[PDB]
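Student:
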Amino acid sequence: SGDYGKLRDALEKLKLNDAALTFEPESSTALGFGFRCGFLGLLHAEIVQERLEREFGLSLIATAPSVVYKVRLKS
Amino acid sequence: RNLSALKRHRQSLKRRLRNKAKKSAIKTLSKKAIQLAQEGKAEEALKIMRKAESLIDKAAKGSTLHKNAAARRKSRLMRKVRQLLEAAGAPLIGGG
Amino acid sequence: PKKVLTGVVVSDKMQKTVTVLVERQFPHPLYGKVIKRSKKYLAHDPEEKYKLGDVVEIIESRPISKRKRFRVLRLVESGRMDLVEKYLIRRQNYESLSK
Amino acid sequence: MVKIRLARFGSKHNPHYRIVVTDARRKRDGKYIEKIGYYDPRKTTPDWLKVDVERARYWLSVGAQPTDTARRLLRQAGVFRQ
Amino acid sequence: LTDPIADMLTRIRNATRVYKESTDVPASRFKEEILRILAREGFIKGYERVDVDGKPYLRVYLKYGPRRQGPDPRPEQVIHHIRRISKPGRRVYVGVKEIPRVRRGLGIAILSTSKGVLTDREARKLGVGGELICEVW
Amino acid sequence: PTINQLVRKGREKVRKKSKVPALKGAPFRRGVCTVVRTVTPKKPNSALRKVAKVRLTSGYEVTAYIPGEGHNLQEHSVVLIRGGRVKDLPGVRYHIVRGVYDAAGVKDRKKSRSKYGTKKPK
Amino acid sequence: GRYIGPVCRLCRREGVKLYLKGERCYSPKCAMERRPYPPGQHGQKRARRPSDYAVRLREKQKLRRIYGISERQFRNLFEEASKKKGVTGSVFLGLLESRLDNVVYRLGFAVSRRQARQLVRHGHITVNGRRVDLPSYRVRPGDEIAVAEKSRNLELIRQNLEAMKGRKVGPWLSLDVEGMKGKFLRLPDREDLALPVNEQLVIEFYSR
RNA sequence: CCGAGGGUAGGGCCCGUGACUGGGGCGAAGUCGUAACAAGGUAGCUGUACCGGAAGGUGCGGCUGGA
RNA sequence: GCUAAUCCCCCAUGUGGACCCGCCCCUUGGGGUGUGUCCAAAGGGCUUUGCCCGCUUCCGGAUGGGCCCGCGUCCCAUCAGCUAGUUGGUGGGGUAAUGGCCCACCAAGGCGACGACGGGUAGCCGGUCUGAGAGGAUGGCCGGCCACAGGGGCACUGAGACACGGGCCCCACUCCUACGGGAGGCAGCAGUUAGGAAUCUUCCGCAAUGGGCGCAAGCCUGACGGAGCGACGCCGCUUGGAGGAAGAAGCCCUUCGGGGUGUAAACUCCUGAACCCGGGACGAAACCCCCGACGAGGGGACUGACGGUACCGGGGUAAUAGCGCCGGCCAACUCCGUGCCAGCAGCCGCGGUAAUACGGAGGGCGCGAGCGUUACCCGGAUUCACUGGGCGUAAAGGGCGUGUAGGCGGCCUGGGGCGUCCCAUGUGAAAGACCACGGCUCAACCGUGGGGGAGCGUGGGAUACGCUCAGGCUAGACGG
Ligand code: SF4
Ligand SMILES: [Mg+2]
Ligand SMILES: [Mg+2]
Ligand SMILES: [Mg+2]
Ligand SMILES: [Mg+2]
Ligand SMILES: [Mg+2]
Ligand SMILES: [Mg+2]
Ligand SMILES: [Mg+2]
Ligand SMILES: [Mg+2]
Ligand SMILES: [Mg+2]
Ligand SMILES: [Mg+2]
Ligand SMILES: [Mg+2]
Ligand SMILES: [Mg+2]
Ligand SMILES: [Mg+2]
Ligand SMILES: [Mg+2]
Ligand SMILES: [Mg+2]
Ligand SMILES: [Mg+2]
Ligand SMILES: [Mg+2]
Ligand SMILES: [Mg+2]
Ligand SMILES: [Mg+2]
Ligand SMILES: [Mg+2]
Ligand SMILES: [Mg+2]
Ligand SMILES: [Mg+2]
Ligand SMILES: [Mg+2]
Ligand SMILES: [Mg+2]
Ligand SMILES: [Mg+2]
Ligand SMILES: [Mg+2]
Ligand SMILES: [Mg+2]
Ligand SMILES: [Mg+2]
Ligand SMILES: [Mg+2]
Ligand SMILES: [Mg+2]
Ligand SMILES: [Mg+2]
Ligand SMILES: [Mg+2]
Ligand SMILES: [Mg+2]
Ligand SMILES: [Mg+2]
Ligand SMILES: [Mg+2]
Ligand SMILES: [Mg+2]
Ligand SMILES: [Mg+2]
Ligand SMILES: [Mg+2]
Ligand SMILES: [Mg+2]
Ligand SMILES: [Mg+2]
Ligand SMILES: [Mg+2]
Ligand SMILES: [Mg+2]
Ligand SMILES: [Mg+2]
Ligand SMILES: [Mg+2]
Ligand SMILES: [Mg+2]
Ligand SMILES: [Mg+2]
Ligand SMILES: [Mg+2]
Ligand SMILES: [Mg+2]
Ligand SMILES: [Mg+2]
Ligand SMILES: [Mg+2]
Ligand SMILES: [Mg+2]
Ligand SMILES: [Mg+2]
Ligand SMILES: [Mg+2]
Ligand SMILES: [Mg+2]
Ligand SMILES: [Mg+2]
Ligand SMILES: [Mg+2]
Ligand SMILES: [Mg+2]
Ligand SMILES: [Mg+2]
Ligand SMILES: [Mg+2]
Ligand SMILES: [Mg+2]
Ligand SMILES: [Mg+2]
Ligand SMILES: [Mg+2]
Ligand SMILES: [Mg+2]
Ligand SMILES: [Mg+2]
Ligand SMILES: [Mg+2]
Ligand SMILES: [Mg+2]
Ligand SMILES: [Mg+2]
Ligand SMILES: [Mg+2]
Ligand SMILES: [Mg+2]
Ligand SMILES: [Mg+2]
Ligand SMILES: [Mg+2]
Ligand SMILES: [Mg+2]
Ligand SMILES: [Mg+2]
Ligand SMILES: [Mg+2]
Ligand SMILES: [Mg+2]
Ligand SMILES: [Mg+2]
Ligand SMILES: [Mg+2]
Ligand SMILES: [Mg+2]
């Protein structure tokens, strides 16, 4: 952080040649503004992160993913 | 990737040499005259002055020298020479 | 027309040059009051015949040096060292305007 | 050299030229030395071509070269009429 | 005394407001020219030059309207308003095209011109301007 | 002051201060929501006022107001702010613009829809 | 463009006949002869001492609706009257009254001003021989306003024209019935139009 | 010779940022007391000095905007 | 190594011109003259014992430029001292040309509270916006000037450049090699990408106007003329017109009697945006050719990107409406819902279970292809007050003297005539604003004419007041 700029840009700047990649923003107490990413297989995930790291000089961390749990209280 | 601006460049080089060569002679012969005048040697001084006067005014037919460039060259040369001679005098042949 | 101004020689100190202090009057553009303004010109004195206190006329001229482009035209009045004294005091007051 | 030429004024599809003496090197609508007449090529008014004959010959006599369209309009005003 | 003219204007102002018959102003020939106009227009009855302990003064003879009816019978003033324009702090000069029109012509402006001391209307009639001395109405 | 004083010192032009510096000095600015919460107003009002802290393209970070009933913004929402304080929320100098970037229009709005960002319903 | 919409409601609000229809206007069928209180749920409640802004506002709206003009165009004509020399209230009425669609209605080619507008706009009117379909045209002194005769045998114009056989035109106009033509003589004096409008209030409106 | 600039060393100004620190503003219903407004229960205020959790108290002289 | 010329050089002629010296006039290096020296030129087409275009030198003109000077040109004094090519001199160098522009030598000077030096910001003007004016704000488009062409330096060629699409070097960056080296500069037109709240077609045509070259034919011209896209702005125009119930339904309100939407709809009549058919432009008459003489004058033909567009005639269809508001300011009110919640808010303030202030509804007001909002400028703000303000207690008299610069100065005469006033004249470009008229069917827009002033230059005049100089006076001031 806030390499975030160089990350959201890397993602966009690579999607426009990747039919399969999907991303979208999500926040996280640690480590902040990131992206929940859909890949079409584990080897496809390996290749994207290798592009980010090796062609965009990005140091990053793959985590999670987590889901939007809805809650119904009493209201 | 082209032009006739390359032509203008090439031609400019030819003229650069021509102007250089002419202004060199003009400076060399004026100095020689003024050096002869400083020793006087007035016969050879006025002769070289006239070949310097010649070159200067031939340079200003074309582009090497402006009219007023030649006139200022000619003025200062004929004043260096004459005044140097006047310090022991005798102006022999053509010139003043 | 070449400009002609009248002023006082305030400085002699220079070879063939006199400083001619020159004053003018005019209404303030907004507040209308008449105010005075002034400007020192270095004037060409080819015969060092002009000296301190000389109220003179200077004429716009072909440049003689840097920042020297008026020639002294004629003398108008002589020995007005009061005019000079005003100037110098003004300058000397500046010694007390520092930090 | 100096020129007698048309400077376009007017609006879109409404050309109104001033016939104008100016240096050749200015843009056609820029500063001109003198306005010696006008010209409405669509003849939308009775007097669609005025020329101050005296000044035109003065600039003519002094060396100002009329274009071609300006020459024709000057001619058509008998400026060259011997 | 920094402005004699102003002092005359205030000497006349302060006296009329208490309905004096007369008031003295120290003598000067410029002031006479001004008084002369105030006389010539009927803002004052007139003046004479007097001696007050051997010094020269100008006794101005003041003028009012008729005694009025009702509570407060004090007469209307002839000189309602007399005030300096040009002053030692700011001199005020006008060209002939900038002569003001005091109270739509029910008042006057007095000026000093190189053709004499004039009113706004003689100034315009002699085609000259000058220093705007005062307005009176 | 005297005329002379005015000649010596002039009058001072009074120079207006911007209530809206983070715009710098455009009419709107884009940003990413970093915090989205409710805030309470000052006296004499009681409410749970809806608000975002916004990191701007201008480099500023500001708290903006989310007008209208209901909203769809969470942390990391891209947003557009206009000038305009909310008087009950000291610190809130700007309004988010409904219906731009990730900010939905106000749902079921029928009046004043051009504010609140709501298209004319069929 | 122009308003288009119920107009009785307009005359009802202004509290006076604006004669926005021609024929029904002089009938007892008019809502003003019939129910002369402003439209909506509250027309029948008691009034409230109008603010002085409303009195000028309603006076300006009155004069403007009469002629069917936009506020944009009404505002420009008023600005011209003001910037022009001469008493602004009158030059304003003159400038309004010099309108083409208005001179058509005033002449009698149409029963109402909205119709004259359509008459001008549909090509049925000529200024000095040439067809002129612009409703805001500035008719000038000595202009001949006439019916384009390729629509001279038109059932509306004939009817309305025959209705002028007899009726007088304003002291500032002339009309050759069955010539189907008229002149704008001079521009009208304020006394000529008996308008239900204190136009100086309009001046006070726009000087707020 | 001069010369873009590179370099070496030393100054000056400005901006950003900094563990920690100073006080400030603001914030619907926290804690302590009650200094001022009515000889506000020791008339008030005041410049300085010293002291005290806090307002403040006291001294010296001043003001009346207290008798 | 070959070779031509309107390429280069040399000899000649010298109308003239340049330079040194003398002399005359003139007065900064302007003009005339004498002797000495020095300086020119180019050919091409043709119908040919003549014409066309070139060519050399000179003087003058015209135009355009360089340099210099007076005056005006933002913020901070919490920037107060600055200056060694610095200021001047002498002689040189350089240039078209003055100058410390450059250099050598000599002198010790120059500048600054009338703001030097430093910092910050900024292209400047005609104008534009606002304003009662005065003033304030601004410099987009168009016109004028300046500056810059990736960052920096440099000079060459030339009438002119230190040259955006010319050259050289260094740097940053990007791109190509075969490894030696090499390529590039959209702040031209389109266009891409990035940044951004946001800003357009990789269009058409050289028909017009203007430019360059050519004797001309003609060639090139992203100048320009147009077309495209964007309600971005202004102007014009339409979504109909007339009739049509004490008055449908629906919907809202209701004291359930009634009121409202509303002549609004329906429905009758008739007009005819769109669209269809036919026609169909102005802008284009010069260049050129012919007669004459290549001239004046006459006569003649060619040429349209826009565009099969505008526009005209004929036919022809009832045919987009929205947005803001309705507590006060401020034009427009009722019902329901909600219950300090949810929400509104420019200020005042509104919401705590009977809200004209929140949300919806019906009605209403405002404007209408728009309407609102945000940002900013002037106004309202005489709230920086020149016009046009204040200071006992509202903000605001320095703690009190003494005094420097400065500002200001009683009564009388003369000289000057700086301020000031007058008159004449020059300049105040064009566009724009204003008035008048005129052209597009109107208007917007455009054209022609007109009045502009202030300011500044020149010349003439005036002299009351302010000034200056000279001289007085005794009333202010000081002394005895
Ligand atoms: S009818 Fe009566 S109300 Fe309806 S328009 Fe004619 S006048 Fe106005
Ligand atoms: Mg040699
Ligand atoms: Mg010198
Ligand atoms: Mg409350
Ligand atoms: Mg409340
Ligand atoms: Mg709405
Ligand atoms: Mg107004
Ligand atoms: Mg260096
Ligand atoms: Mg280097
Ligand atoms: Mg620090
Ligand atoms: Mg801190
Ligand atoms: Mg106490
Ligand atoms: Mg107490
Ligand atoms: Mg107590
Ligand atoms: Mg007490
Ligand atoms: Mg104490
Ligand atoms: Mg104690
Ligand atoms: Mg005490
Ligand atoms: Mg008390
Ligand atoms: Mg040969
Ligand atoms: Mg020869
Ligand atoms: Mg030196
Ligand atoms: Mg020395
Ligand atoms: Mg000065
Ligand atoms: Mg800049
Ligand atoms: Mg004002
Ligand atoms: Mg701008
Ligand atoms: Mg410009
Ligand atoms: Mg660039
Ligand atoms: Mg470069
Ligand atoms: Mg470069
Ligand atoms: Mg560069
Ligand atoms: Mg050269
Ligand atoms: Mg050339
Ligand atoms: Mg270059
Ligand atoms: Mg070039
Ligand atoms: Mg350059
Ligand atoms: Mg380029
Ligand atoms: Mg481009
Ligand atoms: Mg390229
Ligand atoms: Mg983009
Ligand atoms: Mg972007
Ligand atoms: Mg583009
Ligand atoms: Mg365009
Ligand atoms: Mg062309
Ligand atoms: Mg051409
Ligand atoms: Mg449009
Ligand atoms: Mg009924
Ligand atoms: Mg009903
Ligand atoms: Mg019903
Ligand atoms: Mg009913
Ligand atoms: Mg109807
Ligand atoms: Mg229907
Ligand atoms: Mg039909
Ligand atoms: Mg044509
Ligand atoms: Mg057709
Ligand atoms: Mg509204
Ligand atoms: Mg309003
Ligand atoms: Mg109301
Ligand atoms: Mg609301
Ligand atoms: Mg309720
Ligand atoms: Mg409201
Ligand atoms: Mg409501
Ligand atoms: Mg419109
Ligand atoms: Mg304002
Ligand atoms: Mg007002
Ligand atoms: Mg003001
Ligand atoms: Mg004042
Ligand atoms: Mg005040
Ligand atoms: Mg107080
Ligand atoms: Mg106080
Ligand atoms: Mg005191
Ligand atoms: Mg005090
Ligand atoms: Mg004293
Ligand atoms: Mg003194
Ligand atoms: Mg004095
Ligand atoms: Mg005096
Ligand atoms: Mg004078
Ligand atoms: Mg002009």
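Protein chains in written order, with the authors' numbering: chain z, 310 to 384; chain t, 8 to 103; chain q, 2 to 100; chain p, 1 to 82; chain h, 2 to 138; chain l, 5 to 126; chain d, 2 to 209. Ideal placement from N, C-alpha and C gives every residue a C-beta, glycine not left out.
1. In chain l, which residues lie with their C-beta within 8 Å of the C-beta of q:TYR32?
2. Tell me which residues share the same chain as residue 142 of chain h and place their Cβ nearer than 6 Å to its Cβ, disregarding the 5 neighbours each side in the sequence.
3. Can you list the residues of chain l that z:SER336 reaches, using a CB-CB cut of under 7 Å?
4. Output needed for q:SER79: all residues of its chain with C-beta closer than 8 Å, excluding positions within five of it in sequence on either side, in chain order.
5. Could you tell me the alpha carbon to alpha carbon distance between p:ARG5 and p:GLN82, rounded to whole angstroms?
6. May I ask which residues mark the beginning and end of the alpha helix (DSSP H) holding d:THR89?
7. Return the Cβ separation of h:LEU133 and h:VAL97 in integer angstroms, given the expectation that the two are a contact with Cβ distance under 8 Å.
8. Could you name the residues of chain l that z:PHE342 contacts, counting a contact when the two beta carbons are closer than 9 Å?
9. What whole-angstrom Cβ distance do h:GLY66 and h:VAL79 have, given they're in contact under 8 Å?
10. Specify, as a first and last residue, the run of the alpha helix (DSSP H) that q:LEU76 falls within.
11. Taking the straight line between their C-alpha atoms, what separation do you get for l:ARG102 and z:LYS315?
12. Please report whether the beta-carbon of q:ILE65 lies at a distance below 8 Å from any beta-carbon of chain l.
13. Rounded to a whole number of angstroms, what is the C-alpha to C-alpha distance between z:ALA354 and z:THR338?
14. Using the C-alpha atoms, what's the distance from z:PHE344 back to z:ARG317?
15. Comparing the C-beta of h:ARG85 with each C-beta of chain q, is any distance below 8 Å?
16. Taking 8 Å as the CB-CB cut-off, is h:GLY117 touching chain q?
17. Specify, as a first and last residue, the run of the beta strand (DSSP E) that l:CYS37 falls within.
18. Which class does h:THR17 belong to by DSSP, given the choice of helix, strand or coil?
19. Does z:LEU320 come out as helix, strand or coil in the three-state DSSP assignment?
20. Quick one: which chain q residues come within Cβ less than 8 Å of h:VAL93?
21. Who are d:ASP177's beta bridge partners in DSSP?
22. For d:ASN161, count neighbouring C-beta atoms within 10 Å of its own C-beta (all shown protein chains included) and say buried if the count is 16 or more, exposed if not.
23. By a C-beta neighbour count over all protein chains shown, 10 Å radius and 16 as the cutoff for buried, is p:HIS13 buried or exposed?
24. Taking the C-alpha atoms as reference points, what is the distance between d:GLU72 and d:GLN62?
25. DSSP state of d:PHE79, grouped into three classes?
26. Would you check whether ligand 3 has a heavy atom nearer than 7 Å to the C-beta of q:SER66?
Tutor: So, from the listed chains and residues:
1. Counted from its first residue, the third sequence places residue 32 of chain q at position 31. Near q:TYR32 (Cβ distances below 8 Å), the residues of chain l are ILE7, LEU10, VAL11.
2. Residue coverage of chain h in this structure runs from 2 to 138, which leaves residue 142 of chain h outside it and unanswerable.
3. As a first step, residue 336 of chain z is located in the first sequence; it is residue number 27 there, counting from the start. Those are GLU79, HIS80, listed as they occur along chain l.
4. Residue mapping note: residue 79 of chain q aligns to position 78 of the third sequence, counting from 1. Hits under 8 Å: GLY54, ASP55, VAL56.
5. Counted from its first residue, the fourth sequence places residue 5 of chain p at position 5. Counted from its first residue, the fourth sequence places residue 82 of chain p at position 82. Cα to Cα, the separation comes out at about 22 Å.
6. Within the seventh sequence, the letter at position 88 stands for residue 89 of chain d. That run of the alpha helix (DSSP H) goes 89–98.
7. The sequence position of residue 133 of chain h within the fifth sequence is 132, counting from 1. The sequence position of residue 97 of chain h within the fifth sequence is 96, counting from 1. With a Cβ gap of about 12 Å, h:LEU133 and h:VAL97 do not count as contacting.
8. Here residue 342 of chain z is taken as the residue at index 33 of the first sequence, counted from 1. The answer, in chain order, is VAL36, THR38, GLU79, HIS80.
9. Taking the fifth sequence and counting its residues from 1, the one referred to as residue 66 of chain h is at position 65. Taking the fifth sequence and counting its residues from 1, the one referred to as residue 79 of chain h is at position 78. Going by Cβ atoms, the distance from h:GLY66 to h:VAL79 rounds to 7 Å, so yes, they are a contact pair.
10. By 1-based counting over the third sequence, the position of residue 76 of chain q is 75. No alpha helix (DSSP H) contains q:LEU76, which is instead part of the beta strand (DSSP E) from 69–78.
11. As a position in the sixth sequence, residue 102 of chain l is number 98, starting the count at 1. As a position in the first sequence, residue 315 of chain z is number 6, starting the count at 1. About 28 Å.
12. Here residue 65 of chain q refers to the residue found at position 64 of the third sequence. No, because no Cβ of chain l sits closer than 8 Å to the Cβ of q:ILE65.
13. One-based indexing of the first sequence puts residue 354 of chain z at position 45. One-based indexing of the first sequence puts residue 338 of chain z at position 29. Roughly 24 Å between the two C-alpha positions.
14. Counting from 1 along the first sequence, the entry for residue 317 of chain z is found at position 8. Counting from 1 along the first sequence, the entry for residue 344 of chain z is found at position 35. Distance between the alpha carbons of z:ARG317 and z:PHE344: 8 Å.
15. Along the fifth sequence, one-based indexing puts residue 85 of chain h at 84. By this cut-off, h:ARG85 is not an interface position.
16. Looking up residue 117 of chain h in the fifth sequence gives position 116. Not closer than 8 Å to any Cβ of chain q, the Cβ of h:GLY117 fails to qualify, so no.
17. Looking up residue 37 of chain l in the sixth sequence gives position 33. 32–43 is the span of the beta strand (DSSP E), which, as asked, contains l:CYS37.
18. What you label residue 17 of chain h is simply residue 16 of the fifth sequence in a count that begins at 1. In the structure shown, h:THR17 sits in a helix (DSSP, three-state: H, G or I).
19. Reading the first sequence from its first residue, position 11 is the one you call residue 320 of chain z. In this structure, z:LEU320 counts as helix in the three-state DSSP scheme.
20. As a position in the fifth sequence, residue 93 of chain h is number 92, starting the count at 1. Simply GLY33.
21. Residue 177 of chain d sits at position 176 when you count from the first residue of the seventh sequence. Looking at the DSSP assignment, d:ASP177 forms a beta bridge with d:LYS182.
22. Indexing the seventh sequence from 1 puts residue 161 of chain d at position 160. With 16 or more Cβ atoms within 10 Å of its Cβ, d:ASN161 is classed as buried.
23. As a position in the fourth sequence, residue 13 of chain p is number 13, starting the count at 1. Answer is exposed; the Cβ neighbour count stays below 16.
24. For the purposes of this step, residue 72 of chain d is taken as the residue at position 71 of the seventh sequence. For the purposes of this step, residue 62 of chain d is taken as the residue at position 61 of the seventh sequence. Going from the Cα of d:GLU72 to the Cα of d:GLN62 covers about 9 Å.
25. Within the seventh sequence, residue 79 of chain d is the residue found at index 78, counting from 1. d:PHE79: helix per DSSP, three-state reduction.
26. As a working note, residue 66 of chain q is residue 65 in the third sequence. Yes, the Cβ of q:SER66 comes within 7 Å of a heavy atom of ligand 3.
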